[PDB]
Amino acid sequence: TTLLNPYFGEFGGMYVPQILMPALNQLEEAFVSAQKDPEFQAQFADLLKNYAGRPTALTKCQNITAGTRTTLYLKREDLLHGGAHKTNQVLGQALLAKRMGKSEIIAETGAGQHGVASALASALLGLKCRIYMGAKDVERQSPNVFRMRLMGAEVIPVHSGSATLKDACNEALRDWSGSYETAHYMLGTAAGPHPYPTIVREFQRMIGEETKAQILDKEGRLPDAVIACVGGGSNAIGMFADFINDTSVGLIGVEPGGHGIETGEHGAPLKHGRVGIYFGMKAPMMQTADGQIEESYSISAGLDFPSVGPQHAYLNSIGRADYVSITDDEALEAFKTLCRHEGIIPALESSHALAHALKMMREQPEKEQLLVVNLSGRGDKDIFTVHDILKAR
């Protein structure tokens, strides 16, 4: 029994061991209560405004589009406190934990951005934060590890399995199953078992809500399409959600193509994986023919969640949203283009969304189209990555 639908069509659900079910049920009830509570909403709005810096700007890109019939706007989640959209929903989940009487936060992280976001929310709200991170990722993400510890979080290296994100996901769940009376699990994307795909969407939905108000103010009409990268699905569903009922607005999600879909070295399970059951959910995922779970590969480690949020799989299945892929090389070119022509350093994650918009423009330059890219993060973290590749060429 649940208050809300755990499924998006066939996708989603609550595929956890029985002992974790009370934790999910408790969390769903607190969320449903909080969504009815004007004081919860006002507290969340206040933190978003006065701490995180919302609303974020919507920036036109005339330099990039000159000579074409594309009008391009960037939704500037790179200007959010912390440098990425992840800050919106960790603040909401942190308030949810406090509503529930929890004093401790568990979080997983891959490339480390969700770890940093969970740590800063926890520091602000006086929660004791512990973060699970694959030992391989700890070794290769020292800047984010440092940030995490500077904000008082305990970073716990995971050595099990492949010791990457998916194994940190397992260890966070194991911990939560025994500690959930006093700890909240701050899941990092719009995936996992219900109620997480729904909660994360609702705590990210101001992205699309603001974009709609800003685009109506500046252009007098809704976009032809909004375009967002899809690693686990939280920034894309945050952009998409307020437009789902605007049937004329295209919703385009961009998965990482890595070295190319044909190489198999990619991160695009929604369009190139196989539906399975893992991470508490039924969703497309990277897996062997035998059903063992595999990794995603991208130049952008933030897109390496090896599955995808179930609402994206559902939106694809009914044709409401279209999903495409962008390769490492296309993302790198979009990164360079934005730096040179708008003075904005985009995250390599977000560069996947920008790259697909650039192809939409370039392929059909006399097509009238008003496009919004969700610029999910800033890309200071990527400048050495981009520097080394461009120097090796």
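Rigid core here is just the name for the largest C-alpha set that superposes within 1.5 Å across the two forms. Heads up: residue numbers just count along the shown sequence, starting at 1.
Looking at 74 to 82 and 174 to 182, the one farther from the shown form in 4 other deposited structures of this protein by average CA distance, after a rigid core fit, turns out to be 174 to 182.
When the other structures are laid on the shown form by the rigid core, the stretch among 146 to 154 and 201 to 209 with the greater C-alpha deviation in 4 other deposited structures of this protein turns out to be 146 to 154. Of the two stretches examined, 28 to 36 and 344 to 352, the record assigns the greater average C-alpha temperature factor to 28 to 36. When the mean C-alpha temperature factors of 178 to 186 and 92 to 100 are read from the deposited coordinates, 178 to 186 comes out higher. Looking only at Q204, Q311, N144, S317, the residue with the top Cα B factor in the deposited structure is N144. The PDB entry gives the largest Cα B-factor of the residues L173, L120, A84, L251 to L173. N374: CA B factor lies in the lowest third for its chain, per the PDB record.
In this PDB entry, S160 carries a Cα temperature factor that places it within the highest third of its chain's modelled residues.
Per the deposited record, the Cα B-factor of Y132 falls in the highest third when ranked against the other modelled residues of its chain. Remark: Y278 belongs to the middle third of its chain, ranked by C-alpha B-factor as recorded.
When the modelled residues of the chain are ordered by their C-alpha B factor, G115 lands in the middle third.
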